[PDB]
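Okay, so we've got a single protein chain in two different forms coming up as structure tokens, structure 1 first and structure 2 after it.
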Structure 1
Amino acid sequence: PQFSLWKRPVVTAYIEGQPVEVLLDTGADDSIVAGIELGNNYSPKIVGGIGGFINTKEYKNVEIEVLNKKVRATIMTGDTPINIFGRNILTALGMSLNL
């Protein structure tokens, strides 16, 4: 699959069976999704985002399926306006920026 960049590259991932609309974002290092109640195995973490640091549950080994590629990968959970899939997941997905 190939995302034209003429529109925002949003897509539906299935995080552990649950569907979320996420932005494929090569300028972000890690991911962070709002909405899914995800698990019981989380370290606390923090992330900035517009303003400053807010509180996130960071999960390891989560199952993400995107465009029929299922993958296990870390992800974080908290309040964002945008659900971001950063480079941590883009690389597990096998994605690349092309010429």
Structure 2
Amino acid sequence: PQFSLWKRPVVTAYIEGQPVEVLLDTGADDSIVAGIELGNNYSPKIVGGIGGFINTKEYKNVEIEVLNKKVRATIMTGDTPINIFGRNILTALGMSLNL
């Protein structure tokens, strides 16, 4: 698939079975999702963007299916105004920005 950036590139991913809409973002190192609970097994981490820092809960080896690809990876959870799939994910999917 090709995502011509004329529209925000939002896609549906399933995090361990639950579906969620995520922006594929090259300007993000990490993947942050709001609204799902992944448990007791987390490391607190703080993330940064425009406007500021937000605390997150880091989960490792989270199972993900997005774009007919099934991958396992790191996912943070936090109060993100929108769910982001960053470079850690896009790399695992073999996605790229081409010109």
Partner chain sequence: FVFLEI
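Shifts are known only where both forms have a C-alpha. All residue numbers here follow the sequence of structure 1, with the first residue given the number 1. Under this definition, the rigid core comprises the largest set of C-alpha atoms superposing within 1.5 Å between the forms.
Structures 1 and 2, same chain in two forms; the form solved without its partner chain is found in structure 1. Residue displacement note: residue 34 has its CA displaced by under 2 Å between structures 1 and 2 (rigid core superposed). Residue 54 is among the residues whose C-alpha shifts by 2 Å or more between structures 1 and 2 once the rigid core is aligned.
A C-alpha shift of 0.2 Å is found for residue 23 between structures 1 and 2, based on superposition of the rigid core. Relative to the superposed core, residue 75 moves its CA by 1.0 Å between structures 1 and 2. After superposition on the rigid core, the sole stretch of at least three consecutive residues with Cα shifts of 2 Å or more between structures 1 and 2 is 48-55.
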